[PDB]
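Enquirer: First the structure, then my questions, so here it is.
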Amino acid sequence: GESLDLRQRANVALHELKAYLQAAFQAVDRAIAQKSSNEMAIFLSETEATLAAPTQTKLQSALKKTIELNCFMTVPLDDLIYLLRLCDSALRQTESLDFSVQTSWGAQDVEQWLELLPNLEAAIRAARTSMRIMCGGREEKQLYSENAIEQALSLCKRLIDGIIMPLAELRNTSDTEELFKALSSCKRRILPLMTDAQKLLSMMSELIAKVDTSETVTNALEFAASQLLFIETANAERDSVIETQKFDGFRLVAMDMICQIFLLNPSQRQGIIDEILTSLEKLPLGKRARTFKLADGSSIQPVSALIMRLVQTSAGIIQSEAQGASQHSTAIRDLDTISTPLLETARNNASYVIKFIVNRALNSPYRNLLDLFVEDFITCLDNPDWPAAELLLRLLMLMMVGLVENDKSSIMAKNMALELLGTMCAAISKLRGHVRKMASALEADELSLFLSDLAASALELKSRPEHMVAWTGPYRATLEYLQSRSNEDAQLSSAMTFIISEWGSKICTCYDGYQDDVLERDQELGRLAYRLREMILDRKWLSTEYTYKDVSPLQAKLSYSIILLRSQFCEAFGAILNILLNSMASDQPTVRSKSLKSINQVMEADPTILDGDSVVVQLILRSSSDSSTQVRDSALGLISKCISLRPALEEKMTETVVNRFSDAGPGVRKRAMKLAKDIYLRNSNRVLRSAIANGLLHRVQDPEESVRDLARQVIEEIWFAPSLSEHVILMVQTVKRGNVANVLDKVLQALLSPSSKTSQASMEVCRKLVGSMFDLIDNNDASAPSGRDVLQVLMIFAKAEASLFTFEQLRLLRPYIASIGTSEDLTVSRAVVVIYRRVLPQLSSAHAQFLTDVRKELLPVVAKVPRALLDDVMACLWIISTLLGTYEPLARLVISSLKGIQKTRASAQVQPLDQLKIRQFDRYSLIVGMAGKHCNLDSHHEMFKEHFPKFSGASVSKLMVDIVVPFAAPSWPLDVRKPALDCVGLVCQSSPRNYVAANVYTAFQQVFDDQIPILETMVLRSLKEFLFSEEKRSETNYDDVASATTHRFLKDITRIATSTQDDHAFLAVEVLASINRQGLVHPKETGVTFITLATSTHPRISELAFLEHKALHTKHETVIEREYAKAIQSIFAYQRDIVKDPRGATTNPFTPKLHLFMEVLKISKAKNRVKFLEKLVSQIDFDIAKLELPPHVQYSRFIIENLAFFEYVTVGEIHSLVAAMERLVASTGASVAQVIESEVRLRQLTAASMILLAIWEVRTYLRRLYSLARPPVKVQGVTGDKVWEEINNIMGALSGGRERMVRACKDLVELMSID
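Those letters in the sequence shown? Residues 388 to 703, 730 to 777, 784 to 905, 908 to 1143, 1156 to 1212, 1216 to 1471, 1496 to 1647, 1652 to 1704, 1747 to 1774, 1794 to 1840, per UniProt numbering, in order.
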């Protein structure tokens, strides 16, 4: 009942302190008179006697009361000097005493140690009393003594070194077990000592702020506090002498002290930080653990907390709120002048930190401490208690962007900068996601609504500087929250002042950003200016002049996060994200994987960045087509993550996946098709699934083998595994989509062949698939597949395995056969006739009447249907006839056709035919030819003699040939010579013995002589079928036949193959490739031709010819090593006359014409390749006496432009090459240059020179392109455009302009300075 007005309270504190003081002094008197220690005093000698620690405590409390009530000035001076003297006695008592604990001590050393505690504690709290007396503002000199400060500082040092630290570090080890349990037995006596120490240290922190002190004192305090900062608190409260929280209290007191020293001495701030950051380096990692617990539950290492605290200590004309609303400009300017220096000092401190840690992260080990600092700052980024996190991270980010953006920066620095920009990017992404989450909640709360709308605006970059700095906005809420949680917490109050200054500065920026004059806005901003100014000048101004609602930690976190989204750090997101994305195509294998990791974290943290015009999607897709392999390989991973987070992207991204099926790398393809498999199972879209399956199937005929195995595997899983309608439909769509007929056939054959994985199990699934396809035809009104399209897949099924088909479902195709005669849809017709062709010979019951009827309905169509279908239907006829016992209908067809032919001849004897009889003959010869191709009626050698009396030989084949070939003569028109040669070709390909008859090869020789393309195609196709079947054979014996005709026509087929670059030539080389693979011709007659065709632009000629050259060299190197000159000359003549491009190399990507040649020479190895190069050089030598551009100059240019670029595989090859070029130039250039000096025909010696100048040009280009045995290496920037252009320049001399003709000879005389 003594809480009144401040006056009376002051008097009460005064009288209480006076009373207690007198009681203490007369307690000392009693303790001296009597030679014993009093309840309050301690007897030392018979003249001295000090105050005990508890009485010192109470005196301290009373003194604090007198100070806070501004009545400490009234305390009698004379009896304060006496108290200071008692303190000085208690301090002199223990000045030399050694109260330190030793780990070696035993259970009894602590008993002798425990007897010091009365005097020791009395001295500690005596020092505290002295300091507090020096913190009263009194002016008398007898109340201040440097020596008292010295004593207190000593006690602090010896307390930290001798008790606090060794007690914190002491564990329950067998070496120090006894001591541990001994001290643990007197906890209760240790604790008051610890409290005394804390109170003294904190009292020093207070001291240095109220009395000016030496720099040596504050340096010693900074060293001691720095030591207490890294105190080793125990893990759990089991192996610590006392409660760990007490030691935590020491850590906090130390942080407060360091912040105080840091604040009251600007000059050495950078020093403090600096040393604090190097002390952290000289410690075992065990201390670097995050042992500083935060209210929110997370943890940081204490050095991080201290650094940030130091960054936040920075904050450590109008006089009416109305005048500021009208003169808002002046209010803003005042606020600017007061607030900008605070944030300037904050940025200065933060920059001290960042500069230090980055500096010694690079110019040094220490990078791990930078990583730890960054991690802790990220942890505290969105914590309103720690606003310095965004500032440190902001400056760090600006610095890393800077390092990445200046090209004069090291690789270590760039790699570090990218690696950190990644983690920062991830942190920002997580913050944005968290803001969206918090703002999506439903809260019947005005503030929650305001924050929700404001967050909606802030996630997008919608400008709102005026709602952010609003009086009731996020800054207000954050500060009110920190206030409620705060009123002695130095850390929290520093955070508050810091945020207040940020608020003021943002007010100023908001007002200064607008160039209009919106009145009310400006007035409100002026009010905010005045308010925030008063707040910065006095922190208690906010809570004193206003009151506000209570803010929940959720509302506070959302508020501060909204503020962060508009900070310079978070606003950089986009920019730095790009830096990250573009760093996926990096060079190092660690910055790339790290970048990918950070991009994944960014995506998962806030998937909304994959929506709309998402740059992440864009640049991931661009990554999938990067010039590097594993960059695309990982780009597939990113694509997969995108699809995982937003499946809507799936449909538009699979197109990029299937494209990667045709990627160079054999691994990226495998990955892309595994991903495409997963997508196939996920997505039921028929267009996607069909495209996937089409690509996968296309990848069965892939170069690499493992990829083929994978293609098969997957196709077996997704198509042929135990929705059937969906399966069949997907198959129909897949085959209808593209060119996947033969391939799927070989998949089914590689799948259903016996002695395999699951043949008998995967057989009946195909049986029921086929049965379904027919079930889809037995019958509408649906988007089901077309019967035609179904028959296209049933066709290839019947080709693969006819066992799957049954007779009953061949009866469903029955009406398709009857309509073949006119039904224009030829696809369906060929399909059904092929299905009968393949299936029907597999039946066992032999349905006689069915076969007979089918033939009777299938023969008359022979007279109309086109050729391609006439083939399959004729085959079907032959089959039917073999299953049946009869062949007379076929023989009748052949005989009637032949009769018609010789009737055509008889008619031609009267009138020169007409446009109608020629077509009749076309059909006759076509029927005869196809019949000869499929059905050879040699067994019915008597059925034909009855109609052709002068027939004898039992050939029939020769009868057809003998009747038709007379019309292949040039005396007939082309419409007649064509189907005649076609007929005899179809006959011969299945009866090869007719080839070597004088009757036919005279017509073939005539064809090749006439050089008519179409009817020599008629011959080439026949020879192609014959030889190809002759390969299926080896891989009744027509070897000597094949060789006979092969040798007769080799020259002609070669001519056709090497005269043009169109498909016809491809047919010719397609015959020669077979001729060579079989071995009918010697490799000498073939090598140069294929070596030459390998340089063709038509891909189908180049690939096949390259295969034949590669295999031929593999088996017959001995012979090709001798035909190098003719091969080079041949390639040049081919490029000049056929391709019509006499250059020695292509334009982009700059590859030589002979790059295939040398590639084949990459298997021979040894110097055999070297000599080839040398031979090239030797082919450039010349003898004046030869001769526009001389032939040898065009050739020389052709084969030096090849030397420029070749992808040499050893430095010995290129070294011997440039050696041969220097040797040649120095040998012939002597004669040339010499006779030039004399004579200077002019064009003759210019021609001469150009060769040498070009040689030497390429020579220098090579010397600089590599180096002035073992594999070679290319130099960074030696593209090759300069050497190309310059070569052309040299090769333009003889097109002048006699001037340049002479400058060429001159440059040659000087290039090799002789005289």
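Quick reminder that beta carbons are idealized off the backbone N, C-alpha and C, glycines included.
1. Using a Cβ-Cβ cutoff of less than 6 Å, which residues in the same chain neighbour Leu1681 once the five nearest sequence positions on both sides are dropped?
2. Please name the residue, chosen from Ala1026, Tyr765, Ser1239, that lies closest to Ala846 on a Cα-to-Cα basis.
3. Look at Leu1422 and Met1366 and say whether their C-beta atoms are less than 9 Å apart.
4. Among the residues of its own chain, which have a CB less than 7 Å from the CB of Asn1430, if the five just before and after it don't count?
5. Considering just the uninterrupted stretch of the alpha helix (DSSP H) at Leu438, what are its terminal residues?
6. So the alpha helix (DSSP H) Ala611 belongs to, where does it begin and stop?
7. Ends of the beta strand (DSSP E) at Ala428?
8. So which of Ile983, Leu822, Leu748 has the shortest CA-CA distance to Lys881?
9. Going along the chain, which residues of its own chain have a beta-carbon closer than 7 Å to the beta-carbon of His1377, five neighbours each way excluded?
10. In angstroms with no decimal places, state the Cα-to-Cα distance between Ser1205 and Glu1237.
11. Do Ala1668 and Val1798 count as a contact pair if the criterion is CB distance below 9 Å?
12. Quick one: using the 10 Å Cβ neighbour count with 16 as the cut-off for buried, is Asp583 buried or exposed?
13. Helix, strand or coil, according to DSSP, for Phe679 in the structure here?
14. Confirm, please, whether the CB-CB distance from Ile419 to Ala509 is below 9 Å.
15. Skipping 5 residues on each side, what residues in its chain have a beta carbon closer than 7 Å to that of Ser828?
16. Given that a residue counts as buried once 16 or more other Cβ atoms are within 10 Å of its Cβ, and exposed if not, what is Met1826?
17. In terms of residue numbering, what span does the alpha helix (DSSP H) encompassing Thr665 cover?
18. Comparing alpha-carbon positions, which option in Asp971, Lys669, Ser691, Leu670 lies nearest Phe679?
19. Do you know offhand how far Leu588's Cα is from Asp548's?
20. Which of helix, strand or coil does DSSP assign to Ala1605?
21. Using 8 Å as the cut-off, can you tell me whether the segment 809-824 makes contact with the segment 989-996, which would need three or more C-beta pairs spanning the two stretches below that distance?
22. Tell me the rounded alpha-carbon separation between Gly1223 and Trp1140.
23. Using a 10 Å radius around the Cβ and a threshold of 16 neighbouring Cβ atoms, would you call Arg1355 buried or exposed?
24. Examine the Cβ distances between the segment 938-950 and the segment 993-1001 and report whether three or more of them are shorter than 8 Å.
25. Below 8 Å on the Cβ atoms is my guess for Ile1761 versus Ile1640; work out the distance and round it to an integer in Å.
26. Kindly list the residues whose CB is nearer than 8 Å to the CB of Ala607, restricted to its own chain and excluding five residues on each side of it in sequence; keep chain order.
27. Output yes or no for whether 9 Å exceeds the beta carbon distance between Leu1295 and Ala1327.
28. Using the three-state DSSP reduction, which class does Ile1448 fall into: helix, strand or coil?
29. What are the boundary residues of the alpha helix (DSSP H) that includes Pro1559?
30. What does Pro1612 pair with, by DSSP beta-bridge criteria?
31. Sort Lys1635, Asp1597, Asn1608, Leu1540 by Cα distance to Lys1586 and report the nearest one.
32. If you drop the 5 nearest sequence neighbours on each side, which residues of the same chain put their C-beta closer than 6 Å to that of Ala436?
33. In the DSSP assignment, find the unbroken alpha helix (DSSP H) run with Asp1308 in it and report its ends.
34. How big is the Cα-Cα spacing for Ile1580 and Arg1133?
35. Report buried or exposed for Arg954, applying the criterion of at least 16 other Cβ atoms within 10 angstroms of its Cβ.
36. Write down the C-beta distance between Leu464 and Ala397 rounded to the nearest angstrom, noting that I regard them as a contact closer than 8 Å.
Expert: In brief:
1. Only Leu1633 meet the Cβ criterion.
2. Measuring from the Cα of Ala846, the nearest candidate turns out to be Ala1026.
3. Yes, the Cβ-Cβ distance between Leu1422 and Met1366 is below 9 Å.
4. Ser1393, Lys1394, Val1397, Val1423, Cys1424, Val1436.
5. The continuous stretches of alpha helix (DSSP H) do not include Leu438, which lies in the beta strand (DSSP E) extending over residues 436-438.
6. Where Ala611 is concerned, the enclosing alpha helix (DSSP H) stretches over 602-616.
7. Taken as a continuous stretch (DSSP letters only), the beta strand (DSSP E) holding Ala428 covers 428-430.
8. That would be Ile983, whose Cα lies nearest to the Cα of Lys881.
9. Beyond the five residues adjoining it in sequence on each side, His1377 comes within less than 7 Å, by CB distance, of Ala1390, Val1392 in the same chain, given in chain order.
10. Across the structure, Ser1205 and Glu1237 are spaced so that their CA atoms are roughly 16 Å apart.
11. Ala1668 sits away from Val1798, with the two beta carbons spaced by 9 Å or more.
12. Counting of Cβ neighbours within 10 angstroms places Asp583 among the buried residues, the total reaching 16 or more.
13. Of the three classes helix, strand and coil, the one that applies to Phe679 here is strand, per DSSP.
14. Taking C-beta atoms as the reference points, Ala509 and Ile419 fail to come closer than 9 Å.
15. So the list reads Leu822, once near-sequence residues are dropped.
16. Here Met1826 is buried: its Cβ has 16 or more other Cβ atoms, across all protein chains shown, within 10 Å.
17. DSSP places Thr665 in the uninterrupted alpha helix (DSSP H) bounded by 656-666.
18. For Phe679, the closest alpha carbon among the candidates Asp971, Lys669, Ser691, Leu670 is that of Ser691.
19. Just so you know, the alpha carbons of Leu588 and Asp548 end up roughly 14 Å apart.
20. In this structure, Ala1605 counts as strand in the three-state DSSP scheme.
21. By the Cβ rule, the segment 809-824 counts as touching the segment 989-996, because three or more pairs are nearer than 8 Å.
22. Between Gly1223 and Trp1140, the C-alpha separation is close to 20 Å.
23. Burial call: exposed.
24. Because the criterion of three Cβ pairs below 8 Å is not met, the segment 938-950 and the segment 993-1001 do not touch.
25. In this structure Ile1761 touches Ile1640 by the C-beta definition: roughly 7 Å separates them, less than 8 Å.
26. If we look at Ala607 and ignore the five residues flanking it on each side, its Cβ neighbours are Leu540, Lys544.
27. The answer is no: Cβ separation not under 9 Å.
28. The answer is coil: DSSP assigns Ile1448 none of H, G, I, E or B.
29. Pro1559 -> alpha helix (DSSP H) spans 1559-1575.
30. DSSP, once it has assigned bridges, lists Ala1605 as partnering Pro1612.
31. Of the listed residues, the one whose Cα sits closest to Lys1586 is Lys1635.
32. Contacts found: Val415, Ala418, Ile419, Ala428, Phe430.
33. Unbroken alpha helix (DSSP H) run through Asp1308: 1303-1319.
34. The straight-line gap from Cα to Cα measures roughly 39 Å.
35. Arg954 is buried by the Cβ-count criterion.
36. So it is not a contact: roughly 18 Å between Cβ atoms.
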